[PDB]
Amino acid sequence: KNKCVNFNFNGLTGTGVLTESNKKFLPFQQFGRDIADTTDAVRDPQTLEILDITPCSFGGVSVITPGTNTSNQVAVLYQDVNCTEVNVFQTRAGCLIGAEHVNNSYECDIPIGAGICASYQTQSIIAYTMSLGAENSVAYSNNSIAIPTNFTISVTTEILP
Amino acid sequence: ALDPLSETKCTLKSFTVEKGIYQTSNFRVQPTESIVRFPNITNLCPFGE
Amino acid sequence: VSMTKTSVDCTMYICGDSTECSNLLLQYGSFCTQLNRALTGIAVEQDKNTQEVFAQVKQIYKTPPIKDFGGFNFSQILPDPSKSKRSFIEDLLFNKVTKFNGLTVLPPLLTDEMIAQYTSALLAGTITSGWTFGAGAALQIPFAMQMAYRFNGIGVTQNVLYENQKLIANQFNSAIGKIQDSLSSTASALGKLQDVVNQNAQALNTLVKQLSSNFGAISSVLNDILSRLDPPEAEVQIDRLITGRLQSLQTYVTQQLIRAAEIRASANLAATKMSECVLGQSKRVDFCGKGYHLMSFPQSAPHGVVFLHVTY
Amino acid sequence: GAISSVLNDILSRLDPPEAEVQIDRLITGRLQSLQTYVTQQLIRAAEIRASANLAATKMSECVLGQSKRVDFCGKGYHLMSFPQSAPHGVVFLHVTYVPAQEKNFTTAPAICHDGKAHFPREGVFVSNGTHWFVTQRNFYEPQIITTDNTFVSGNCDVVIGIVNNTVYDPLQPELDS
Amino acid sequence: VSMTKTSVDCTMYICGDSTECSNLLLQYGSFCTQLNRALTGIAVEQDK
């Protein structure tokens, strides 16, 4: 169980992972299908055991890399999986190999996913939760005000196609 | 196929790689074992007769 | 604002667990390369739409300890930090919404917790500072004097504001209870968001059902036509399943890209109303709904945003 | 799906009943390549045309006038703008009004002179420790209290948080002096 | 503001009044249904 094997249950060949669930088979049915009408669950020919056919794990592989004129260290990223059967830390988006997790929050330079970003600071790729901005407590009161006494005429630049 | 540092240069088609996250390839678990479980045997078939 | 970040691999969808399928898939050239980069480029733009609407300022503002804003009850608008940090209105919006098959669903960069934290930074900026926090520094101003510039901007004397502080406070708090009774009774008020979910949930399940078609062959399973038939006979039936699923994958990219361009014009419209109606006093007629605009209160929403416009 | 990508190699080598299958797969294979080029260049041009309507608005409203829309001509209060030429685009030069320094003060909504409430036309009363004066919200400018800067409206018995002061009428240096 | 509400049927355009044509038309899955629901969804947006 829990392995990507080539199952063979009464001629039903294929490749899948034998997992357990709460699905209870009917005494006349021998196999179950998903919405794609494929091999989704098989029945144990020896006893009353329900073994669902789970497809094996796959996902996209991304590389967190800085600029060429900055550094050359990289990290391996895996999507929508955990660090179970894939120096190595678990993030909210997936399993990351090659980066360390830092509890301190910084500015998002290179995004990872699910509120996690990465950056190169003095000298390795670190994983951290991104910050949404600096803390600014407004001094609210019944008569307190902040009227500007000095102004700066700054010119902004906007580029639109 | 050497390292993920040079793997980013193949999917980008550029020597100078800027900062960011780039998708290079995909992984997949390969099958190793095979399940050939079947019920037990009670007797022998009379094919010799 | 945003949509579902669905990333479908072009290789493992048509040729999942097959060897002869990958030999005929590379004969099309860069057809699978363009479909993978198109679905990847959409999901980057879905995270950019949330940064242009919610992330308007570079500072995070907190709630003041003084909750007496001239008689107005803002406990239903501001989120509760003692519980996810969501208010009572935001709880009714997330509770009224609706694996390894080649369709990988990626989570967004801006989570629903950080959306409400970006919403609470704009709620404290509009109430305690008005439009000064978006145009410059966090200039503090009382809420009784904040509405004095709002009534004078539309041609109403500010003498009626201070003499009727308790009159307009009971009318405002009674209007919030009508919204909470409408959202908790039925989910018909979320029709602007349910059209985005139904175009992303039914279209995702359609691609799982499109691979079961034979496309003129005997069976859709690649193992039942390769190991059971002749290799001259298996070359035709695999190519019918490859070309039959390639047009199904090109249809899913084309239909979602127009919906991504539709959601981008809605995100730029939501970023316009956040920068003008929420982050200031707009004199544009029917920009914050029917009536003279005074203020606005944004709310968090699953893959969207909900505005609570205040009219006169 | 064909054996080659050259149109001349299939017709010369294979039979003319057999070459028409691989040629039509190359035509339909390049037709789907043209369907991708037409569709992707039309959806992306719709986003440019949606951005061209925004670029034409900021060159006809923000440049040819003073827009009161917040965060439309950039951050801050809009003064003027200057467009410049750019290849396949435009670069804006928005001149805005950004404050630099501010101080904390004590305010009051209105004052009382002889029983009636005096509200300012644009601004609020600010006390410096001794008395209130008339000033603006955008710029700090201490001015005297007069009828030209204030407005008589309401009474001094129903306004919550009101204070008392003395309105300096311009007829008082001429008659009451 | 709006345009004409043209809803072209997927079945009658290709396999109009034919029985054996529907066996080669419905074998491609719900691609015929996606052409009808897309043109129906435009006519809903034309009314909006």
# chains A, B, ... in the order shown; residues from 1 in each chain; ligands from 1
>>> interface_residues(of="chain E", to="chain C", cutoff="9 Å", atoms="only C-alpha atoms", output="count of residues only")
7
>>> residues_around(residues="segment 6-18 of chain B", least_positions_apart="3", cutoff="12 Å", atoms="only C-alpha atoms", output="PyMOL selection string")
(chain A and resi 61-76+109-110) or (chain B and resi 1-3+21-26) or (chain C and resi 33+36-37)
>>> write_last_selection(atoms="N, CA and C atoms", output="PDB file, in the first residue's frame")
ATOM      1  N   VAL A  61       7.951  21.491 -11.570  1.00  0.00           N
ATOM      2  CA  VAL A  61       9.229  21.749 -10.916  1.00  0.00           C
ATOM      3  C   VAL A  61       9.692  23.140 -11.321  1.00  0.00           C
ATOM      4  N   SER A  62       9.790  24.037 -10.344  1.00  0.00           N
ATOM      5  CA  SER A  62      10.254  25.397 -10.563  1.00  0.00           C
ATOM      6  C   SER A  62      11.596  25.596  -9.874  1.00  0.00           C
ATOM      7  N   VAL A  63      12.347  26.589 -10.343  1.00  0.00           N
ATOM      8  CA  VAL A  63      13.662  26.911  -9.800  1.00  0.00           C
ATOM      9  C   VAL A  63      13.636  28.352  -9.313  1.00  0.00           C
ATOM     10  N   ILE A  64      13.896  28.544  -8.024  1.00  0.00           N
ATOM     11  CA  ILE A  64      14.037  29.876  -7.446  1.00  0.00           C
ATOM     12  C   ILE A  64      15.477  30.319  -7.675  1.00  0.00           C
ATOM     13  N   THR A  65      15.667  31.301  -8.555  1.00  0.00           N
ATOM     14  CA  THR A  65      17.001  31.745  -8.920  1.00  0.00           C
ATOM     15  C   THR A  65      17.096  33.264  -8.874  1.00  0.00           C
ATOM     16  N   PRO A  66      18.203  33.803  -8.353  1.00  0.00           N
ATOM     17  CA  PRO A  66      18.417  35.255  -8.407  1.00  0.00           C
ATOM     18  C   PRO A  66      18.969  35.700  -9.751  1.00  0.00           C
ATOM     19  N   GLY A  67      19.349  36.973  -9.851  1.00  0.00           N
ATOM     20  CA  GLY A  67      19.943  37.474 -11.071  1.00  0.00           C
ATOM     21  C   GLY A  67      21.323  36.897 -11.329  1.00  0.00           C
ATOM     22  N   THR A  68      21.770  37.049 -12.579  1.00  0.00           N
ATOM     23  CA  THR A  68      23.055  36.488 -12.985  1.00  0.00           C
ATOM     24  C   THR A  68      24.222  37.267 -12.388  1.00  0.00           C
ATOM     25  N   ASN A  69      24.070  38.578 -12.222  1.00  0.00           N
ATOM     26  CA  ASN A  69      25.121  39.425 -11.674  1.00  0.00           C
ATOM     27  C   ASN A  69      25.085  39.510 -10.152  1.00  0.00           C
ATOM     28  N   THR A  70      24.289  38.671  -9.489  1.00  0.00           N
ATOM     29  CA  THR A  70      24.178  38.689  -8.036  1.00  0.00           C
ATOM     30  C   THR A  70      24.740  37.425  -7.400  1.00  0.00           C
ATOM     31  N   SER A  71      24.252  36.254  -7.798  1.00  0.00           N
ATOM     32  CA  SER A  71      24.686  34.993  -7.208  1.00  0.00           C
ATOM     33  C   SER A  71      24.425  33.872  -8.207  1.00  0.00           C
ATOM     34  N   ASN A  72      24.693  32.639  -7.771  1.00  0.00           N
ATOM     35  CA  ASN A  72      24.452  31.465  -8.597  1.00  0.00           C
ATOM     36  C   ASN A  72      23.788  30.317  -7.849  1.00  0.00           C
ATOM     37  N   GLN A  73      23.457  30.483  -6.571  1.00  0.00           N
ATOM     38  CA  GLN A  73      22.807  29.424  -5.812  1.00  0.00           C
ATOM     39  C   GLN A  73      21.330  29.342  -6.175  1.00  0.00           C
ATOM     40  N   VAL A  74      20.817  28.115  -6.265  1.00  0.00           N
ATOM     41  CA  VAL A  74      19.429  27.862  -6.629  1.00  0.00           C
ATOM     42  C   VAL A  74      18.818  26.900  -5.616  1.00  0.00           C
ATOM     43  N   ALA A  75      17.499  26.745  -5.708  1.00  0.00           N
ATOM     44  CA  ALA A  75      16.755  25.830  -4.855  1.00  0.00           C
ATOM     45  C   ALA A  75      15.729  25.087  -5.697  1.00  0.00           C
ATOM     46  N   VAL A  76      15.400  23.872  -5.267  1.00  0.00           N
ATOM     47  CA  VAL A  76      14.455  23.012  -5.970  1.00  0.00           C
ATOM     48  C   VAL A  76      13.083  23.179  -5.331  1.00  0.00           C
ATOM     49  N   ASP A 109      10.491  39.418  -2.694  1.00  0.00           N
ATOM     50  CA  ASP A 109      11.305  39.636  -3.885  1.00  0.00           C
ATOM     51  C   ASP A 109      10.979  38.619  -4.976  1.00  0.00           C
ATOM     52  N   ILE A 110      11.086  37.334  -4.661  1.00  0.00           N
ATOM     53  CA  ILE A 110      10.753  36.252  -5.577  1.00  0.00           C
ATOM     54  C   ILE A 110       9.601  35.465  -4.964  1.00  0.00           C
TER      55      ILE A 110
ATOM     56  N   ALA B   1      20.219  18.681 -17.645  1.00  0.00           N
ATOM     57  CA  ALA B   1      20.066  17.547 -16.745  1.00  0.00           C
ATOM     58  C   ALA B   1      21.149  17.487 -15.676  1.00  0.00           C
ATOM     59  N   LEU B   2      21.964  18.534 -15.545  1.00  0.00           N
ATOM     60  CA  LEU B   2      23.041  18.549 -14.560  1.00  0.00           C
ATOM     61  C   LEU B   2      22.578  19.118 -13.221  1.00  0.00           C
ATOM     62  N   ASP B   3      22.071  20.345 -13.231  1.00  0.00           N
ATOM     63  CA  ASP B   3      21.728  21.063 -12.014  1.00  0.00           C
ATOM     64  C   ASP B   3      20.551  21.976 -12.317  1.00  0.00           C
ATOM     65  N   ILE B  21      10.964  33.250 -10.461  1.00  0.00           N
ATOM     66  CA  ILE B  21      10.645  31.827 -10.440  1.00  0.00           C
ATOM     67  C   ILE B  21      10.239  31.407 -11.847  1.00  0.00           C
ATOM     68  N   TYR B  22      10.898  30.374 -12.369  1.00  0.00           N
ATOM     69  CA  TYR B  22      10.643  29.881 -13.716  1.00  0.00           C
ATOM     70  C   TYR B  22      10.418  28.379 -13.670  1.00  0.00           C
ATOM     71  N   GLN B  23       9.389  27.914 -14.374  1.00  0.00           N
ATOM     72  CA  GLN B  23       9.109  26.489 -14.465  1.00  0.00           C
ATOM     73  C   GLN B  23      10.010  25.854 -15.516  1.00  0.00           C
ATOM     74  N   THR B  24      10.644  24.737 -15.158  1.00  0.00           N
ATOM     75  CA  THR B  24      11.594  24.068 -16.035  1.00  0.00           C
ATOM     76  C   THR B  24      11.059  22.743 -16.565  1.00  0.00           C
ATOM     77  N   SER B  25      10.657  21.835 -15.684  1.00  0.00           N
ATOM     78  CA  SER B  25      10.181  20.521 -16.101  1.00  0.00           C
ATOM     79  C   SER B  25       9.167  20.032 -15.072  1.00  0.00           C
ATOM     80  N   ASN B  26       8.851  18.739 -15.121  1.00  0.00           N
ATOM     81  CA  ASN B  26       7.915  18.125 -14.192  1.00  0.00           C
ATOM     82  C   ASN B  26       8.441  16.757 -13.786  1.00  0.00           C
TER      83      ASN B  26
ATOM     84  N   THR C  33       4.235  23.348 -25.933  1.00  0.00           N
ATOM     85  CA  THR C  33       5.016  24.395 -25.285  1.00  0.00           C
ATOM     86  C   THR C  33       4.214  25.686 -25.155  1.00  0.00           C
ATOM     87  N   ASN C  36       1.378  25.299 -22.387  1.00  0.00           N
ATOM     88  CA  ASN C  36       1.862  25.329 -21.012  1.00  0.00           C
ATOM     89  C   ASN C  36       2.266  26.731 -20.580  1.00  0.00           C
ATOM     90  N   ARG C  37       2.828  27.527 -21.491  1.00  0.00           N
ATOM     91  CA  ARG C  37       3.197  28.898 -21.165  1.00  0.00           C
ATOM     92  C   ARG C  37       1.999  29.835 -21.127  1.00  0.00           C
TER      93      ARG C  37
END
>>> residues_around(residues="residue 303 of chain C", least_positions_apart="2", cutoff="7 Å", atoms="only C-alpha atoms", output="list in words")
residues 1, 2, 3 and 301 of chain C
>>> closest_residue(among="C:102, C:60, C:129, C:83", to="chain B", atoms="only C-alpha atoms")
C:102
>>> interface_residues(of="chain C", to="chain D", cutoff="9 Å", atoms="only C-alpha atoms", output="ChimeraX atom specification")
/C:24-25,27-28,31,34,131-132,134-137,139-140,144-145,148-149,152,157-160,162-165,239,250,254,257-258,261,264-265,272,275-277,279-284
>>> atom_distance(atom1="atom CA of residue 287 of chain C", atom2="atom CA of residue 90 of chain D")
27.3 Å
>>> closest_residue(among="A:19, A:46, A:84, A:144", to="chain B", atoms="only C-alpha atoms")
A:46
>>> decode(residues="segment 3-38 of chain E", atoms="N, CA and C atoms", output="JSON list (two decimals), in the first residue's frame")
[["chain", "number", "residue", "atom", "x", "y", "z"],
["E", 3, "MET", "N", -25.61, 43.88, -29.74],
["E", 3, "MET", "CA", -25.55, 43.41, -31.11],
["E", 3, "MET", "C", -26.66, 42.38, -31.31],
["E", 4, "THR", "N", -26.61, 41.67, -32.43],
["E", 4, "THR", "CA", -27.61, 40.64, -32.72],
["E", 4, "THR", "C", -27.36, 39.40, -31.88],
["E", 5, "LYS", "N", -28.45, 38.71, -31.53],
["E", 5, "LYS", "CA", -28.38, 37.50, -30.72],
["E", 5, "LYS", "C", -28.48, 36.27, -31.61],
["E", 6, "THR", "N", -27.35, 35.96, -32.25],
["E", 6, "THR", "CA", -27.25, 34.81, -33.14],
["E", 6, "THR", "C", -26.78, 33.60, -32.35],
["E", 7, "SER", "N", -27.60, 32.55, -32.32],
["E", 7, "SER", "CA", -27.30, 31.32, -31.60],
["E", 7, "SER", "C", -27.30, 30.17, -32.61],
["E", 8, "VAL", "N", -26.13, 29.83, -33.12],
["E", 8, "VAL", "CA", -26.01, 28.77, -34.11],
["E", 8, "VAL", "C", -25.98, 27.42, -33.40],
["E", 9, "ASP", "N", -26.86, 26.51, -33.82],
["E", 9, "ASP", "CA", -26.89, 25.18, -33.23],
["E", 9, "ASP", "C", -25.74, 24.34, -33.74],
["E", 10, "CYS", "N", -25.16, 23.53, -32.85],
["E", 10, "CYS", "CA", -24.02, 22.70, -33.22],
["E", 10, "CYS", "C", -24.45, 21.47, -34.02],
["E", 11, "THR", "N", -25.64, 20.94, -33.75],
["E", 11, "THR", "CA", -26.07, 19.70, -34.39],
["E", 11, "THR", "C", -26.62, 19.95, -35.79],
["E", 12, "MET", "N", -27.51, 20.94, -35.93],
["E", 12, "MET", "CA", -28.17, 21.18, -37.20],
["E", 12, "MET", "C", -27.26, 21.82, -38.24],
["E", 13, "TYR", "N", -26.14, 22.41, -37.82],
["E", 13, "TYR", "CA", -25.23, 23.03, -38.78],
["E", 13, "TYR", "C", -24.38, 21.99, -39.51],
["E", 14, "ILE", "N", -23.98, 20.93, -38.81],
["E", 14, "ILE", "CA", -23.10, 19.91, -39.36],
["E", 14, "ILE", "C", -23.86, 18.63, -39.70],
["E", 15, "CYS", "N", -24.67, 18.15, -38.76],
["E", 15, "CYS", "CA", -25.37, 16.88, -38.89],
["E", 15, "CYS", "C", -26.88, 17.09, -38.92],
["E", 16, "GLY", "N", -27.33, 18.09, -39.68],
["E", 16, "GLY", "CA", -28.75, 18.36, -39.78],
["E", 16, "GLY", "C", -29.46, 17.29, -40.59],
["E", 17, "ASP", "N", -30.45, 16.63, -39.97],
["E", 17, "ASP", "CA", -31.29, 15.58, -40.57],
["E", 17, "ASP", "C", -30.44, 14.40, -41.07],
["E", 18, "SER", "N", -29.70, 13.80, -40.14],
["E", 18, "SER", "CA", -28.86, 12.65, -40.44],
["E", 18, "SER", "C", -28.65, 11.85, -39.16],
["E", 19, "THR", "N", -28.80, 10.53, -39.26],
["E", 19, "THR", "CA", -28.65, 9.66, -38.11],
["E", 19, "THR", "C", -27.21, 9.19, -37.91],
["E", 20, "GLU", "N", -26.55, 8.76, -38.99],
["E", 20, "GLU", "CA", -25.18, 8.26, -38.88],
["E", 20, "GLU", "C", -24.16, 9.37, -38.66],
["E", 21, "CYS", "N", -24.53, 10.63, -38.92],
["E", 21, "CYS", "CA", -23.63, 11.74, -38.66],
["E", 21, "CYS", "C", -23.46, 11.99, -37.17],
["E", 22, "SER", "N", -24.50, 11.71, -36.37],
["E", 22, "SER", "CA", -24.43, 11.94, -34.93],
["E", 22, "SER", "C", -23.52, 10.96, -34.22],
["E", 23, "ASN", "N", -23.25, 9.79, -34.82],
["E", 23, "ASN", "CA", -22.30, 8.86, -34.23],
["E", 23, "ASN", "C", -20.87, 9.37, -34.33],
["E", 24, "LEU", "N", -20.55, 10.09, -35.41],
["E", 24, "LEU", "CA", -19.24, 10.71, -35.57],
["E", 24, "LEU", "C", -19.18, 12.12, -34.99],
["E", 25, "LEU", "N", -20.31, 12.67, -34.56],
["E", 25, "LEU", "CA", -20.36, 14.00, -33.95],
["E", 25, "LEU", "C", -20.30, 13.94, -32.43],
["E", 26, "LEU", "N", -21.04, 13.02, -31.81],
["E", 26, "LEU", "CA", -21.05, 12.88, -30.36],
["E", 26, "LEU", "C", -19.88, 12.07, -29.83],
["E", 27, "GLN", "N", -19.03, 11.53, -30.70],
["E", 27, "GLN", "CA", -17.86, 10.79, -30.27],
["E", 27, "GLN", "C", -16.72, 11.70, -29.81],
["E", 28, "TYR", "N", -16.82, 13.01, -30.06],
["E", 28, "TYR", "CA", -15.82, 13.97, -29.62],
["E", 28, "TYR", "C", -16.13, 14.54, -28.24],
["E", 29, "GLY", "N", -17.09, 13.96, -27.52],
["E", 29, "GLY", "CA", -17.43, 14.43, -26.20],
["E", 29, "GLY", "C", -18.41, 15.58, -26.19],
["E", 30, "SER", "N", -18.25, 16.50, -25.25],
["E", 30, "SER", "CA", -19.12, 17.66, -25.12],
["E", 30, "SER", "C", -18.60, 18.88, -25.87],
["E", 31, "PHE", "N", -17.83, 18.67, -26.94],
["E", 31, "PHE", "CA", -17.36, 19.79, -27.75],
["E", 31, "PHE", "C", -18.50, 20.41, -28.55],
["E", 32, "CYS", "N", -19.50, 19.61, -28.92],
["E", 32, "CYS", "CA", -20.71, 20.16, -29.53],
["E", 32, "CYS", "C", -21.52, 20.95, -28.51],
["E", 33, "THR", "N", -21.55, 20.48, -27.26],
["E", 33, "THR", "CA", -22.29, 21.18, -26.21],
["E", 33, "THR", "C", -21.58, 22.47, -25.80],
["E", 34, "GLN", "N", -20.25, 22.50, -25.88],
["E", 34, "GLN", "CA", -19.52, 23.72, -25.54],
["E", 34, "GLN", "C", -19.72, 24.81, -26.58],
["E", 35, "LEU", "N", -20.00, 24.44, -27.84],
["E", 35, "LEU", "CA", -20.28, 25.44, -28.86],
["E", 35, "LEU", "C", -21.68, 26.03, -28.69],
["E", 36, "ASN", "N", -22.62, 25.24, -28.17],
["E", 36, "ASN", "CA", -23.97, 25.74, -27.95],
["E", 36, "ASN", "C", -24.06, 26.58, -26.69],
["E", 37, "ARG", "N", -23.36, 26.17, -25.62],
["E", 37, "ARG", "CA", -23.39, 26.91, -24.37],
["E", 37, "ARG", "C", -22.60, 28.21, -24.43],
["E", 38, "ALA", "N", -21.60, 28.30, -25.31],
["E", 38, "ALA", "CA", -20.87, 29.55, -25.46],
["E", 38, "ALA", "C", -21.71, 30.59, -26.19]]
